[PDB]
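**Student:** One structure follows; several queries about it will come next.
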Amino acid sequence: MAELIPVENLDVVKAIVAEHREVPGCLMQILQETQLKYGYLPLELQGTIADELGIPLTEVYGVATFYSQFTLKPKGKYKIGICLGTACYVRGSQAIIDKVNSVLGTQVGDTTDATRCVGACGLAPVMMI
Amino acid sequence: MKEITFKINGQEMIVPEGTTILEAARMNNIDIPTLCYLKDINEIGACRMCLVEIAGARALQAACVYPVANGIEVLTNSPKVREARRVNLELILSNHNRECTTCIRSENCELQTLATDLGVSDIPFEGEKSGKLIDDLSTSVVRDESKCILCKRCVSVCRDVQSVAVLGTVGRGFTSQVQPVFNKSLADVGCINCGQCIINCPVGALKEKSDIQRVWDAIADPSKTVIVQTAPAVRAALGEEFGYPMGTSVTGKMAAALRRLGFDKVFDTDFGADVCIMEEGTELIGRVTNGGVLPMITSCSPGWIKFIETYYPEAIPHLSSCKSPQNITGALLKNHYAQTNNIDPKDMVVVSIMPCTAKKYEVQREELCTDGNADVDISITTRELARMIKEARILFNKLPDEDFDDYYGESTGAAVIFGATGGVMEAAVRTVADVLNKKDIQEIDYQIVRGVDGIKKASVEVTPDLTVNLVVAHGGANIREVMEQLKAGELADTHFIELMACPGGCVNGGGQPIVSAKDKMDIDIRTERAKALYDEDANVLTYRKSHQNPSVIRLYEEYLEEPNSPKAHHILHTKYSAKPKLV
Amino acid sequence: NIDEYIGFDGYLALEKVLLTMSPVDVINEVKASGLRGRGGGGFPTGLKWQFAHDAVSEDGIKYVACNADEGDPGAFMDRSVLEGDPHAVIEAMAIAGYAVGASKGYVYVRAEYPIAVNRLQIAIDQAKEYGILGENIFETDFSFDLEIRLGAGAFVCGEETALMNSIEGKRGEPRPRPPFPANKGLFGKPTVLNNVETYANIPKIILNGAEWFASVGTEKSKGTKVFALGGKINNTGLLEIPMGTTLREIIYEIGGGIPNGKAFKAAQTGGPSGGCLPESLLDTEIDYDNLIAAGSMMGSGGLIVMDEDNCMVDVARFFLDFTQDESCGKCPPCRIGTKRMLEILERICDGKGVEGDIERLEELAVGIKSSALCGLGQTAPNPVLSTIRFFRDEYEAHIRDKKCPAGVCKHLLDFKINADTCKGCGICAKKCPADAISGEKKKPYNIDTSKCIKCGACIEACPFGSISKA
Ligand SMILES: NC(=O)c1ccc[n+]([C@@H]2O[C@H](COP(=O)([O-])OP(=O)(O)OC[C@H]3O[C@@H](n4cnc5c(N)ncnc54)[C@H](O)[C@@H]3O)[C@@H](O)[C@H]2O)c1
Ligand SMILES: Cc1cc2nc3c(=O)[nH]c(=O)nc-3n(C[C@H](O)[C@H](O)[C@H](O)COP(=O)(O)O)c2cc1C
Ligand code: SF4
Ligand code: SF4
Ligand code: SF4
Ligand code: SF4
Ligand code: SF4
Ligand code: SF4
Ligand code: SF4
Ligand code: FES
Ligand code: FES
Ligand SMILES: [Zn+2]
C-alpha cells in the first residue's frame, strides 16, 4: 500500500495539486490521501509541496497540528495495540504492560499505540500486531 | 461615510461606520483594559479582558471586537463585569511564573499593572504548567514559554506586516503554544532577526542575549583599551526609560556619563556614515559612467540583505560591495589609528551601540574580517546600555555636557538625518549634485503611491542630461511587493532602491525601550523622533554637506588615496554569498 | 433509487414553488408554522431568512449551506436520514436557494462514514440528469449548483462560524460575533446554515400546509422532534415523538424500562452540553423553555440513562474529559480553566480532597459560563451545575465518609470476603500482585487493605466470587 518516498510524491503532487479554488481546501483532501497511502505526514516534503504551491509552511503545519485526524512519524518497524477500552478496563491489562516493561522495553507512549474500541468486545483485551 | 447613533453611559454620540465601542469610549474619556488589541494588526479579542456589559445581551461581549448598532445603551460599572474579569484574571495569572523579580522588563510589564489595578488578592488556584524547554541557542533572540500567555500578537505581527510568517500555533489544550516550523531553533529557519517579534510581545517571553559579562571582562583588563561608539539615532530614546518628556536630547549628558564610566575612547557613527555616503556616490558615478547593473541598491541594514540572500539568491548582482558604516569605522579604527598610535590591534577592543537587533548576527559572520581579524568584536543595544547604566545607576538628571574627540567625532547635519527614513538617498543626491553639477539642495518633493503607505517615489533631476529616479521602501510588505515587481522587471527605469528592514526607520528599531500600546494610541512615536532629529539637524551651526568636511579629505590624501582605489577595493569593498534555506 | 423516491411524491415541492408563489411568500409560511432552530440555537429560523435576503451585498451573490455534522457521541441522528432518504435533503436547498437568491452552495460530510458518503454522490449524479440540480431548473431562469465538501467531523468544528473557516482552509477558529455569518460570512457576504433535520420538514410544510405543523404541540414550541436514546436500556432504537412528551412515559412504556430489574436514578440528555435529569422531574414535559429552567439542553437529541451501579462523580468527569481535548484553546477559560476542575475531583476520587471545596467549584462555574467564546465553554459546566443542585449530598460520602456506595469509584473502596460462600482455595492469593491476601486451605483468606492497590485482580480470580466491594 505504501510505495515509499520518490514516485508517489511525484505522481500524487504533479497530478492533483494543480487545480483552482479551495485555497487550502483540497490540500486537506490530499493530506488524508497521504495517510491513505503513507501512514504518516512527511516532514521535509511539506516544504516541497508548499514550494510547488508557493505558499509558506506555517498554515499547513498549523492544519497538521490542529486536527488529530491523522498520524505522524513514529513507526519503528511494528506496532503493538493493547485494547484498553471501558469494557477492557473492566478486564484490565496493567500486569501485561508491566510484563513487557521488564522484557521488551519502555512503557506505553514510546516506540522501542492507543486504540479505541474496534469491535468484538467479548474477548477483551485484544493484542493487535 | 454612514452616521450611526449610540449612547455611552447615558451620553449620545454619532460616529461613522467601523467605529467600535473601545475607540469611541477612549475618544469620550473612558478607559477600558486590553491585552488582545493593537491598532490595525491584531483584532481577535482573545485576551477577554475588554469586557463591557451590553444591555439585552445573553452574555457579555468584548469591546474591541463588538461593532456598534443604532441606539444601544451600555454600562461598564456593574458587579457582573467586575466579578467576571476578576475570575478571568485569576485564571490567566496561573500560568506565567510569578517570579517577577527576574522578569526582564519587570516594572513595565503591563500584566503587573492589571494585577495591581484590578485588586487581585489571593491565588487560590495552584497547578501544573506546560512542557518546559528553553531554546538559548539562537544568537539574537531567545524564547521562554513559561512566561507566554498566548496572545497571538507575535505571530500576527511576523505574519502580515513583516510578510515573513515563520511562526505558528501548535497543539491542543496546554500543548497549544507558539512555535516555529517543526520545533527547531530560530537560528536555522528563515527568521530575519526582525526585532518586531520581540518589541510587541506583552510578557517578555522574547528576550535578547544579555552579553554584559564579557563587557565587564573586557573593561576589567587594564591592558585592553576600549573604544565605545554611539549610533546617530540612539539619543532620542534614553529619556523614554528615564521618564523624560518627548524628544529631549541627552547627548552631552550621556557623553559625560560614558566618560564617567571610565571608557578609554568615545566616538560616533557620523564620520563613517559620511565616508560611506561619499563612497556610495563614487560607485554611483562608476556604475552610471560604465553602464553597470541597474538598479544599484545600498546595504545599510543587515536584516533585509540577509533576507534576500536567504530567500532570493538570483538578485545578487545588483548589490553594493560596501559594508555598513559601523564595519567601516571598525576597520579604519583598527588600521589607521593603530598604525598612527603604535597600539597592537589585538590589544584593542571596540564596542558600539545600535538598536537594530540584526547586528548581533553579522558579528557572528566571519567574512567581515580585516587580515583575519573581526572588524568589531562586541556590540550592545540601547536596552542593554540602559540595563548597564542602571547597574551604574548614576544620577543621570544632573550631568553637564561634553564633546567628543579628535579627529573622528565631527558633526554634520547631512548624517544627522542619516537615522531618518530616506536621509541616505538625500545625502547621496546632495553630494552627487555638488560633485557633478554644483547643486545645493536640502529637501526633496515626495509623491507617495496611493493606497500603499511606506513606499515612496520621486524623480530628481541630478543633471539636465541624466534624471535619477528615487524609490524608498521601508516595512516588510513594501519590500516584498517591490521585490515582486522587480522580479518581473517592471521598474528597470529607476536607479535608487532604498530597502529598509524595519518599518518607520531605525528610529522605530528593536533596541529602543518598550512603549505601551496605550501611548501609541495618541501620538505615533516616530513623529516625535522625527521632530527631535529635525531640530538637531536644523541647529547644526557649521556644515550641512557631507564631502565638504576637511577631515575626510585629509584621510583621503593621507592614507586611503581616492575612493575605489585597489587597496580600498581590498579593505572597503567585499563580496556576498547566498545562504542555505530550510524554511 | 430516484424512481422509488418520485413514487413517494418525490420532488413535488420544487414544482409548485417555482411556478406559483413568490420568494416572499415562503418566508411568511414558516412563521405561521412556528418552526425554530433544532440545532441547539433556539432562534426562530424563518426570522433569520428575513435578514438573509434583505441584507446588502457588494457582489449580489449569496451562499446557502447545510450542517450535516454530528457532535454528541452515540447521537446517531443525522446519519440515518443521510442513509435513508437524501433526495429530500438536496431538494431542500433548492427551495432554500429560491427564497433568498442563491446560485452556489456546499454540503459538509464526515470522511469517517463510508455508509453515506458513497450513497450521497450517487444521489447528486442522478439528480442533475433529470435537471433538478444545475441549470434551467424545471424550465425556469434560476440556476443553482452544488459541490460536495469532505470534512472529517471535528467536534469543535460544529460551531456556526467554524463551518465557514473549515471551507476556507484555516484552522477551526471561532470568531466573535457581530458581524453575523448571516450578515458577513463567506468572503464577507451573507450565508445561510441550517441542520439537516430542519431541511426534513421543508417539503412537508409546503405540501401539507403549515397549519398542520402548528396543529400538534404546545404554544411555545410547535411541531415534532426526534431523539436517539441510549444508555442502560432494555431496548435500543430510534423513536419519533411529538411535542408533548414527559419523562416517565418515555422511559417505561416506550423505552422498555430498566434492564435486569434495576431502578431509575437519573437520565442525561443533550450530551456534554446538557445535564442529568433525576427521578424527581419524571412527570415534567420536555421543551426549550422547560429544560433550561431544569438545567440542561436538547443537544444533538441523545439520551443517556443510568442505574445504581455507576458513581455520580464517575459520570461527572466522563463527559468533561471528552471536551478537554476538544477545546480549540483560544479563550483562556476554555483552555486552562477546563483542567482546573479535573484536578479537583481527581484528588477526590483518590481521596486526597479536603473540606470546604464543595463551594469551591461555584466560583469557576459562573466564570466559564460568562466569558466563554465558543459555545463549548459555557456548556462545559452544564453537567457540573445540574449535578450539584440535585445530587449535592453524596459528595460528602467521598469527602467525609470516604466510601463509594456505587462500587466503581476505585481508589477508596475495600474488598471483603464472604466466609459463608468462599471455600478458601487461595487462587486469588497467588494472583494478588501486592501479596496482601493471607490465609490457609479450606478457610476463606483474610485481606490487608493497606497493601492493596485496589486493582481488583483477585475478585475474578475467585471462582466462587465471594469478594465484595466493602
Ligand atoms: N448542536 C450542538 O452540537 C451544539 C453543541 C453545543 C451547544 N449547542 C447549543 O447551541 C447554542 C448556540 O450557541 P449560542 O447560544 O452562543 O449562539 P446563538 O445565540 O448565536 O445561537 C446560534 C444561532 O442563533 C442565531 N442568532 C442568535 N442570536 C441572533 C440574533 N440576535 N439575530 C440573528 N440570529 C441570531 C445565530 O445566527 C445562529 O444561527 C448553544 O447555546 C447551545 O445551547 C449546540
Ligand atoms: C460550540 C457549538 C457547537 C455546535 N455544534 C453543532 C453540531 O455539531 N451539529 C449541528 O448540527 N449544530 C451545532 N451547533 C449549532 C450551530 O450553531 C447551528 O445552529 C446549526 O448548524 C444549525 O441549526 P439551527 O437550525 O438551530 O441553526 C453548534 C453550536 C455551537 C455554539
Ligand atoms: S511579564 Fe510576568 S514575570 Fe515579567 S514582570 Fe510581568 S508578571 Fe512579572
Ligand atoms: S510569545 Fe508573546 S506575543 Fe507571542 S503569543 Fe506569546 S505572549 Fe503573545
Ligand atoms: S525576528 Fe523577524 S522573522 Fe523572527 S519572529 Fe521576529 S519578526 Fe518574525
Ligand atoms: S531598519 Fe530596523 S532592522 Fe534595519 S538596521 Fe535599522 S533598526 Fe535594524
Ligand atoms: S471557549 Fe475559548 S478555548 Fe473553548 S473553544 Fe471557544 S474560543 Fe476555544
Ligand atoms: S485488589 Fe489487587 S492488590 Fe489488592 S488483594 Fe486484590 S489483587 Fe491484590
Ligand atoms: S476469594 Fe475465592 S480464590 Fe480467594 S481464597 Fe476465597 S474462594 Fe479461594
Ligand atoms: S473496547 Fe476493547 S473490544 Fe471493545
Ligand atoms: S482586546 Fe481584550 S477583549 Fe478584545
Ligand atoms: Zn465514587
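Note on naming: chains are A, B, ... as they come in the C-alpha cells, residues start from 1 per chain, ligands start from 1 in the order shown.
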DSSP on the backbone: which residues in stretch 76-319 of chain C end up as strand (DSSP E or B)? Give the answer as JSON, numbers by chain.

**Tutor:** {"C": [104, 105, 106, 107, 108, 109, 110, 134, 144, 145, 146, 147, 148, 149, 150, 151, 193, 194, 195, 217, 222, 224, 225, 226, 227, 228, 231, 238, 239, 240, 241, 242, 246, 266, 267, 268, 269, 275, 276, 277, 278, 285, 302, 303, 304, 305]}

**Student:** Pull the helix (DSSP H, G or I) assignments for chain A out of DSSP run on the backbone, and list those residues as number ranges by chain.

**Tutor:** A: 6-15, 26-37, 46-53, 58-66, 86-91, 94-101, 121-123

**Student:** In Å, with one decimal, what is the gap from atom CA of residue B:379 to atom CA of residue B:298?

**Tutor:**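 So the answer is 22.5 Å.
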
**Student:** Mind listing as a PyMOL selection string which residues of chain B are within 8 Å of chain C, counting only C-alpha atoms?

**Tutor:** chain B and resi 44-48+59-60+65-67+84+87-88+91-92+125+127+172-174+176

**Student:** Figure out the distance between atom CA of residue C:104 and atom CA of residue C:59, please, to one decimal in Å.

**Tutor:** 13.6 Å

**Student:** With a cut-off of 7 Å and counting only C-alpha atoms, select all residues of chain C in contact with chain A and give the selection as an mmCIF file with N, CA and C atoms, in the first residue's frame.

**Tutor:**
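Final output, saved to selection-v7.cif:
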data_model
loop_
_atom_site.group_PDB
_atom_site.id
_atom_site.type_symbol
_atom_site.label_atom_id
_atom_site.label_comp_id
_atom_site.auth_asym_id
_atom_site.auth_seq_id
_atom_site.Cartn_x
_atom_site.Cartn_y
_atom_site.Cartn_z
ATOM 1 N N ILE C 167 -14.224 25.553 5.399
ATOM 2 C CA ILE C 167 -14.123 25.530 3.944
ATOM 3 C C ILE C 167 -13.096 26.549 3.457
ATOM 4 N N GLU C 168 -12.808 27.571 4.266
ATOM 5 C CA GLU C 168 -11.739 28.495 3.905
ATOM 6 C C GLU C 168 -10.354 27.885 4.070
ATOM 7 N N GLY C 169 -10.235 26.763 4.776
ATOM 8 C CA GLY C 169 -8.982 26.053 4.868
ATOM 9 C C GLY C 169 -8.099 26.429 6.038
ATOM 10 N N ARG C 171 -7.570 26.994 10.329
ATOM 11 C CA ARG C 171 -7.963 26.163 11.455
ATOM 12 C C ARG C 171 -9.381 26.513 11.896
#

**Student:** Please report as a ChimeraX atom specification which residues of chain B come no farther than 7 Å from chain A, using only C-alpha atoms.

**Tutor:** /B:165-172,181

**Student:** Keeping N, CA and C atoms for every residue in the selection just given, could you write it to a file as a compact mmCIF listing (two decimals), in the first residue's frame?

**Tutor:**
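That gives us again10.txt:
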# COMPACT_ATOMS: atom_id res chain seq x y z
N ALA B 165 6.33 35.38 8.22
CA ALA B 165 5.44 34.26 8.53
C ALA B 165 6.24 32.97 8.75
N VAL B 166 6.99 32.96 9.85
CA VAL B 166 7.76 31.80 10.27
C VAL B 166 7.33 31.26 11.62
N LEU B 167 6.25 31.78 12.20
CA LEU B 167 5.75 31.33 13.49
C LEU B 167 4.36 30.74 13.31
N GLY B 168 3.90 29.99 14.32
CA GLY B 168 2.58 29.41 14.29
C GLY B 168 2.20 28.85 15.65
N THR B 169 0.97 28.34 15.72
CA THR B 169 0.44 27.70 16.91
C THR B 169 0.54 26.19 16.75
N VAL B 170 0.80 25.48 17.84
CA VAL B 170 0.83 24.03 17.82
C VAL B 170 0.00 23.50 18.98
N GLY B 171 -0.49 22.27 18.81
CA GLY B 171 -1.07 21.52 19.90
C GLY B 171 -2.48 21.93 20.27
N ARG B 172 -3.05 21.14 21.17
CA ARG B 172 -4.40 21.35 21.69
C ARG B 172 -4.34 21.35 23.21
N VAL B 181 8.38 26.32 12.65
CA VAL B 181 8.03 25.11 11.92
C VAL B 181 8.91 23.96 12.39

**Student:** As a list in words, please: the residues near residue B:111 (cut-off 12 Å, only C-alpha atoms, same-chain neighbours under 6 positions excluded).

**Tutor:**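 Using only C-alpha atoms, the neighbours found are residues 33, 34, 35, 36, 47, 49, 89, 90, 92, 93, 96, 98, 100, 103, 105, 117, 118, 120, 147, 148, 149, 201, 202, 203, 204 and 516 of chain B.
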
**Student:** Store the residues of this selection in a file with C-alpha atoms, as a JSON list (two decimals), in the first residue's frame.

**Tutor:**
[["chain", "number", "residue", "atom", "x", "y", "z"],
["B", 33, "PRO", "CA", -8.31, 47.34, 29.72],
["B", 34, "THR", "CA", -6.90, 45.35, 26.80],
["B", 35, "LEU", "CA", -4.14, 42.88, 26.06],
["B", 36, "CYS", "CA", -5.60, 41.37, 22.89],
["B", 47, "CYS", "CA", -7.48, 38.11, 25.88],
["B", 49, "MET", "CA", -10.06, 41.44, 29.37],
["B", 89, "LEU", "CA", -7.62, 37.42, 35.61],
["B", 90, "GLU", "CA", -7.29, 34.90, 38.46],
["B", 92, "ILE", "CA", -4.89, 33.68, 33.42],
["B", 93, "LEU", "CA", -2.49, 34.51, 36.27],
["B", 96, "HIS", "CA", 3.14, 32.66, 33.87],
["B", 98, "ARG", "CA", 5.20, 34.60, 39.45],
["B", 100, "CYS", "CA", 8.64, 38.81, 38.87],
["B", 103, "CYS", "CA", 11.21, 39.22, 34.77],
["B", 105, "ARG", "CA", 11.12, 44.26, 31.86],
["B", 117, "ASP", "CA", -5.20, 47.74, 39.21],
["B", 118, "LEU", "CA", -7.92, 45.11, 39.46],
["B", 120, "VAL", "CA", -6.44, 40.68, 42.78],
["B", 147, "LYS", "CA", 6.05, 33.49, 30.67],
["B", 148, "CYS", "CA", 4.00, 33.49, 27.46],
["B", 149, "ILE", "CA", 0.23, 33.82, 27.76],
["B", 201, "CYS", "CA", 5.25, 40.59, 22.92],
["B", 202, "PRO", "CA", 3.36, 41.67, 26.07],
["B", 203, "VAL", "CA", 5.06, 39.35, 28.59],
["B", 204, "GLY", "CA", 8.79, 39.34, 27.88],
["B", 516, "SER", "CA", 2.86, 50.55, 25.94]]

**Student:** Using only C-alpha atoms and all ligand atoms, find each residue with an atom at most 9 Å away from ligand 10 and format the answer as an NGL selection string.

**Tutor:** :A and (82-89 or 115-126)

**Student:** Closest to ligand 11 among B:517, B:560, B:349, B:455, using only C-alpha atoms and all ligand atoms?

**Tutor:**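 For ligand 11, the nearest of the candidates is B:517.
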
**Student:** I need the residue nearest residue B:456 from this list: B:344, B:498, B:62, B:485. Use only C-alpha atoms for the distance.

**Tutor:** B:498

**Student:** With a distance cut-off of 12 Å and only C-alpha atoms, select the neighbouring residues of residue B:191, excluding the residue or stretch itself and same-chain residues fewer than 4 positions from it, and output the selection as a ChimeraX atom specification.

**Tutor:** /B:138-141,158-159,162-167,180-181,184-187,195-197,303-304,306-308,310-311,358,361,581-583

**Student:** Generate the output file for the selected residues, N, CA, C and O atoms, as a compact mmCIF listing (two decimals), in the first residue's frame.

**Tutor:**
# COMPACT_ATOMS: atom_id res chain seq x y z
N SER B 138 19.91 30.42 19.66
CA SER B 138 19.91 31.50 18.68
C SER B 138 20.77 32.66 19.17
O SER B 138 20.80 32.99 20.36
N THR B 139 21.49 33.27 18.24
CA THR B 139 22.46 34.29 18.59
C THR B 139 21.84 35.65 18.86
O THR B 139 22.53 36.55 19.35
N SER B 140 20.55 35.83 18.56
CA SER B 140 19.91 37.12 18.71
C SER B 140 18.76 37.09 19.71
O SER B 140 18.74 37.87 20.67
N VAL B 141 17.80 36.19 19.52
CA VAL B 141 16.53 36.23 20.23
C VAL B 141 16.28 34.86 20.86
O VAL B 141 16.51 33.82 20.23
N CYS B 158 4.55 39.07 12.90
CA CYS B 158 5.53 38.48 11.98
C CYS B 158 4.89 38.02 10.68
O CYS B 158 5.56 38.03 9.64
N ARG B 159 3.62 37.63 10.71
CA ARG B 159 2.98 37.03 9.55
C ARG B 159 2.69 38.06 8.46
O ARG B 159 2.98 37.83 7.28
N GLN B 162 5.17 42.22 8.42
CA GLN B 162 6.52 41.93 8.07
C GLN B 162 6.60 41.02 6.81
O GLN B 162 7.64 41.01 6.15
N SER B 163 5.54 40.23 6.50
CA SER B 163 5.45 39.25 5.41
C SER B 163 6.55 38.19 5.50
O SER B 163 7.12 37.78 4.50
N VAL B 164 6.85 37.76 6.72
CA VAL B 164 7.86 36.74 6.93
C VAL B 164 7.17 35.42 7.18
O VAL B 164 7.40 34.44 6.46
N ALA B 165 6.33 35.38 8.22
CA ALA B 165 5.44 34.26 8.53
C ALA B 165 6.24 32.97 8.75
O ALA B 165 6.24 32.05 7.93
N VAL B 166 6.99 32.96 9.85
CA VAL B 166 7.76 31.80 10.27
C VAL B 166 7.33 31.26 11.62
O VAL B 166 7.98 30.36 12.15
N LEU B 167 6.25 31.78 12.20
CA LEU B 167 5.75 31.33 13.49
C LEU B 167 4.36 30.74 13.31
O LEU B 167 3.71 30.96 12.29
N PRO B 180 8.07 27.85 15.97
CA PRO B 180 8.38 27.83 14.54
C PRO B 180 8.02 26.49 13.91
O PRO B 180 7.42 25.63 14.55
N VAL B 181 8.38 26.32 12.65
CA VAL B 181 8.03 25.11 11.92
C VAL B 181 8.91 23.96 12.39
O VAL B 181 10.15 24.06 12.41
N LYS B 184 12.44 23.26 15.51
CA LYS B 184 13.87 23.53 15.61
C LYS B 184 14.09 24.97 16.06
O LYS B 184 13.14 25.74 16.21
N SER B 185 15.35 25.31 16.28
CA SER B 185 15.72 26.63 16.75
C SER B 185 15.49 27.68 15.66
O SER B 185 15.37 27.38 14.47
N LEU B 186 15.44 28.94 16.09
CA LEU B 186 15.25 30.05 15.17
C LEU B 186 16.49 30.32 14.33
O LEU B 186 16.40 31.06 13.34
N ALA B 187 17.64 29.74 14.69
CA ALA B 187 18.89 30.04 14.01
C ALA B 187 19.00 29.38 12.64
O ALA B 187 19.72 29.90 11.78
N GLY B 195 13.17 41.81 14.92
CA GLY B 195 13.08 42.66 16.09
C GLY B 195 11.69 43.17 16.38
O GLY B 195 11.45 43.64 17.49
N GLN B 196 10.77 43.09 15.42
CA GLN B 196 9.39 43.37 15.74
C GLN B 196 8.73 42.17 16.39
O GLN B 196 7.64 42.28 16.96
N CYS B 197 9.38 41.01 16.29
CA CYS B 197 8.94 39.85 17.05
C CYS B 197 9.04 40.10 18.54
O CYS B 197 8.15 39.71 19.31
N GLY B 303 19.41 43.23 8.05
CA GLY B 303 18.20 42.43 8.06
C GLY B 303 17.70 42.05 6.69
O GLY B 303 17.59 40.86 6.38
N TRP B 304 17.42 43.04 5.85
CA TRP B 304 16.83 42.71 4.56
C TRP B 304 17.86 42.14 3.60
O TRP B 304 17.49 41.39 2.69
N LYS B 306 20.18 40.01 4.56
CA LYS B 306 20.16 38.60 4.93
C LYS B 306 18.88 37.95 4.43
O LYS B 306 18.89 36.79 4.01
N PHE B 307 17.78 38.70 4.45
CA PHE B 307 16.51 38.22 3.90
C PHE B 307 16.64 37.87 2.43
O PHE B 307 16.14 36.82 1.99
N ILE B 308 17.30 38.72 1.65
CA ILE B 308 17.47 38.46 0.23
C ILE B 308 18.38 37.25 0.01
O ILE B 308 18.05 36.34 -0.75
N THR B 310 19.01 34.79 1.93
CA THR B 310 18.38 33.55 2.37
C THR B 310 17.12 33.22 1.58
O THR B 310 16.62 32.10 1.64
N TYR B 311 16.58 34.19 0.83
CA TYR B 311 15.37 33.95 0.05
C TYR B 311 15.58 34.05 -1.45
O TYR B 311 15.06 33.20 -2.18
N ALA B 358 19.54 42.95 14.35
CA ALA B 358 20.18 42.07 13.38
C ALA B 358 21.70 42.19 13.39
O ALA B 358 22.37 41.29 12.87
N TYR B 361 23.84 39.41 14.55
CA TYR B 361 24.10 38.33 13.61
C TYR B 361 25.41 38.55 12.85
O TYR B 361 26.18 37.60 12.68
N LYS B 581 18.71 27.63 2.84
CA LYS B 581 17.32 27.85 3.20
C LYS B 581 16.69 26.54 3.66
O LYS B 581 16.66 25.57 2.90
N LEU B 582 16.21 26.53 4.90
CA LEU B 582 15.38 25.44 5.42
C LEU B 582 14.22 26.15 6.11
O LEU B 582 14.30 26.47 7.30
N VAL B 583 13.16 26.41 5.36
CA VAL B 583 12.02 27.13 5.89
C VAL B 583 10.99 26.14 6.43
O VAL B 583 11.31 24.98 6.70

**Student:** With only C-alpha atoms as the counted atoms, please give the residues lying no more than 8 Å from stretch 17-29 of chain B, apart from itself and same-chain residues fewer than 4 positions off, as a count of residues only.

**Tutor:** 11

**Student:** Go ahead and compute the interatomic distance for atom CA of residue C:342 and atom 6 (C, counted along the ligand's line) of ligand 1, in Å to one decimal.

**Tutor:**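 Distance reported for this atom pair: 20.1 Å.
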
**Student:** Can you tell me which residues come within 9 Å of ligand 6 when counting only C-alpha atoms and all ligand atoms, ideally as an MDAnalysis selection string?

**Tutor:** chainID B and resid 192:196 300:304 354:359 419 421 474:475 499:511

**Student:** Any residue with an atom at most 6 Å from ligand 9 counts, using only C-alpha atoms and all ligand atoms. Which are they? Put them as a ChimeraX atom specification.

**Tutor:** /C:422-429,444-445,461-467

**Student:** Write out, as a CSV table (one decimal), in the first residue's frame, the residues just selected, with C-alpha atoms.

**Tutor:**
chain,number,residue,atom,x,y,z
C,422,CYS,CA,-16.0,-18.7,49.9
C,423,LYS,CA,-14.1,-22.0,50.3
C,424,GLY,CA,-10.7,-20.6,50.8
C,425,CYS,CA,-9.0,-22.0,47.7
C,426,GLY,CA,-6.3,-19.3,47.7
C,427,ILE,CA,-6.4,-18.8,43.9
C,428,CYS,CA,-6.8,-15.1,44.4
C,429,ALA,CA,-3.8,-15.0,46.8
C,444,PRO,CA,-11.5,-18.1,53.5
C,445,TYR,CA,-8.5,-15.8,53.1
C,461,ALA,CA,-9.5,-14.9,40.5
C,462,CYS,CA,-12.1,-16.2,42.9
C,463,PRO,CA,-14.2,-18.8,41.1
C,464,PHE,CA,-16.7,-18.7,43.9
C,465,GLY,CA,-17.0,-14.9,43.6
C,466,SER,CA,-17.4,-14.2,47.3
C,467,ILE,CA,-15.3,-11.0,47.3

**Student:** From the set B:179, B:32, B:487, B:73, which residue has the shortest atom-to-atom contact distance to residue B:114, counting only C-alpha atoms?

**Tutor:** B:32
